[PDB]
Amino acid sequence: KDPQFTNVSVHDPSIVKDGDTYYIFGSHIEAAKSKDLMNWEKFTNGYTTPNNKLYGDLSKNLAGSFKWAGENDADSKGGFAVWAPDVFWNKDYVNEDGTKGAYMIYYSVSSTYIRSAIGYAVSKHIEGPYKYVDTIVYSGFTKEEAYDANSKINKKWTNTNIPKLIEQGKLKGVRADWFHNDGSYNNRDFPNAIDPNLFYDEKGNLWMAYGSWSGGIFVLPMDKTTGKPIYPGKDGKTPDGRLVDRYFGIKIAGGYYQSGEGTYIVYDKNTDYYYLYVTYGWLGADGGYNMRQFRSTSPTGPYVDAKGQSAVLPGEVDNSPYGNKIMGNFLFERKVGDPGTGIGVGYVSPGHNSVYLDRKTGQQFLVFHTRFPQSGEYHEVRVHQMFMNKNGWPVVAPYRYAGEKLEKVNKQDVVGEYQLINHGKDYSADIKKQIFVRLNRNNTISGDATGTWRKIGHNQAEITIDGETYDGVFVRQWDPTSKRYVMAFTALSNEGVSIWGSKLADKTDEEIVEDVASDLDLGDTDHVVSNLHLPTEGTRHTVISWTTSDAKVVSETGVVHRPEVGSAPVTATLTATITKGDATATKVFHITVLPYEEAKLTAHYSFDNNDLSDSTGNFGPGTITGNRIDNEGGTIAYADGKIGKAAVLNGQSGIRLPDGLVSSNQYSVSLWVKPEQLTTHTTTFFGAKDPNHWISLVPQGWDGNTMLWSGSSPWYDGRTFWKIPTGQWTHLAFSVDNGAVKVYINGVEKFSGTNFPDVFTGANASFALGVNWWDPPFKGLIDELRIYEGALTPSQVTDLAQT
């Protein structure tokens, strides 16, 4: 269990080493340091200012760049957007006192998807404070006077550095093609000016690559004395056809609006290649963020991948085929019986990397952020070691770095059963999972795949599966799931596809089948009220076969049938027969399924007496609001309803119900509605402990359909995929039983879900009909608001809907 980690959240990390300490510098002015690439310590204060750790008075220091983007403008309204910086010691930088040597930080500011710039600051010491020097590349400028929403920044090109560059003779003049006909920024072909990367070339010259979606990635030579670009000064094309622009530089990747950002280029003197890393997709859990790799013999390109395809796209096309996909979404999924606990180690949207290539030892490290399965938008930094393969491509270790190095590996330490992940070319929210194969002593591969393998020398790995040869290495890795150092491989084929392998411990089929049986647990089976998940597989393709002693209670697949209200609970046995090879084992679970129980009526605001009272007598009456839950001023009239009279909601008014109307996590709500008009997010039934802890029944939700909705800790989308009509009556109802939530329309279940939050227990919530804190009030009639203790039975709901 030896290795220990200490994690930090630094989005878009840029690695740099100062003495023997590693530093990472990310977006949102976050930075952290480590002595070992495993245990990190943050030393920054985010966007705090003044007293900003990295910038001091942030607003004053960087005002130069902030006049164009990234401070309290458009998308940065209310705050700041200082993104994706790069840091490196420039030994030739002439400081303002004439001394030589500074740490330079090139940063992005951005106010929309397109209006951005890159600027830089310098410090003699890596922990700052860094001091502004200049803003050097701008994007999102226009032909004429123009303004984005929530901004009064004149986006005209004359507000950039372009006039002064022209005055210095560094540019002929404005380039017509930077603009569409309407005068707007041509980001089909030219870049978003963010995500800079500074690298030295074979000859010790300095380049900056940058870009993000839009027209793609560009690169510019840079003066080592001052940090300023040495702008091309004229447009042209590279011999192989790539755009050269007088100002933006030389396009080396992307194009035509497609994804691709977080560029990092490394010169490798052992191989004499320039390696180009770039991240595709969107950074969110759902965005399929994935790292790609190309190479060039020249810093200025052409960069190509293992199939010789260009990094620069031929057009507005899917960028999937292009670049070696070195990491996407994956999971070494723990199956029933595996050691450890949890779902296993996997990543979601890993990306925006930097790289540290140690000069002495050739050791190489991919540094990046990632999200995780079942943790939403939470992100931490990861470090994965890389190793040059025999075709001149660094290959990425499957697990995060844990002190390991390349070694002499004996054949006996390799032969065995493996988990195998193939990263493919495709990317999406989907997550890749392991297959199970074996590398056999006779140099074949068997199991889920077939083919061959060899080890050359100490550790080169060659693996050929179905005619594809992947080359890479064998290396020992820390597997945190099993808590062992295990043998592993990583290898890349000539499609630019990476496979990763983790060696499973040797176990007999008897031992595996025993492990599966021990780990197999169905939770509470004495109080069953909804279907059971019954896994049909355990580790290494163990088969779990289920039989029931009585399908009336519960099927072979865990489908339950609750007895009617009034009937006894029914019991049944489920038997798991667990097999692998010729070994078998048995585990019995005794299942008690509970009958339905009727929800009890606890409040009835019927409006039948032309008033706001509760007919059950349990609650005080409703009172009248204005256009919000917490204001007054409105009116309620009473018109002819679906049942008796009904409340008329004019569009400026609502009803405030008593606090605590629901005070539990087992409850239901039922009501009738006749909307005269539809407005988005507008509530009918609304209950809230506060503006970040509420539930709402919404006729036209964010997806344009009726939903049950909760926010903001956590969000929950109870989606129905059913549009409500205006000018007609619709019954709506929902139940919440300790996590289980269901939503009915006109008697029919249209959403069923789990994990639903308990908003109404831990303090008395406010409640209302037709109004909340933000949205247009409901316009129409509402009728028969009924509240319950407990979840309504299906038939109870059909009853209610049945008028």
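Numbering starts at 1 and runs along the sequence shown.
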Assert higher mean C-alpha B factor (144 to 152 or 77 to 85, deposited values) equals 144 to 152
Going by the entry, of stretches 265 to 273 and 644 to 652 the one with greater average Cα B-factor is 644 to 652
Entry record, C-alpha B-factors for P535, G255, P714, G392; the maximum is at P714
Among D614, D479, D134, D582, the highest C-alpha B-factor in the PDB entry belongs to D614
By the entry's values, the third containing the CA B factor of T625 is the highest
Assert third(CA B-factor, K124) within chain per record equals middle
Chain-relative C-alpha B factor for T44 (record values, thirds): the lowest
On the chain's distribution of Cα B-factors, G770 falls within the third called middle
Chain-relative C-alpha B factor for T21 (record values, thirds): the middle
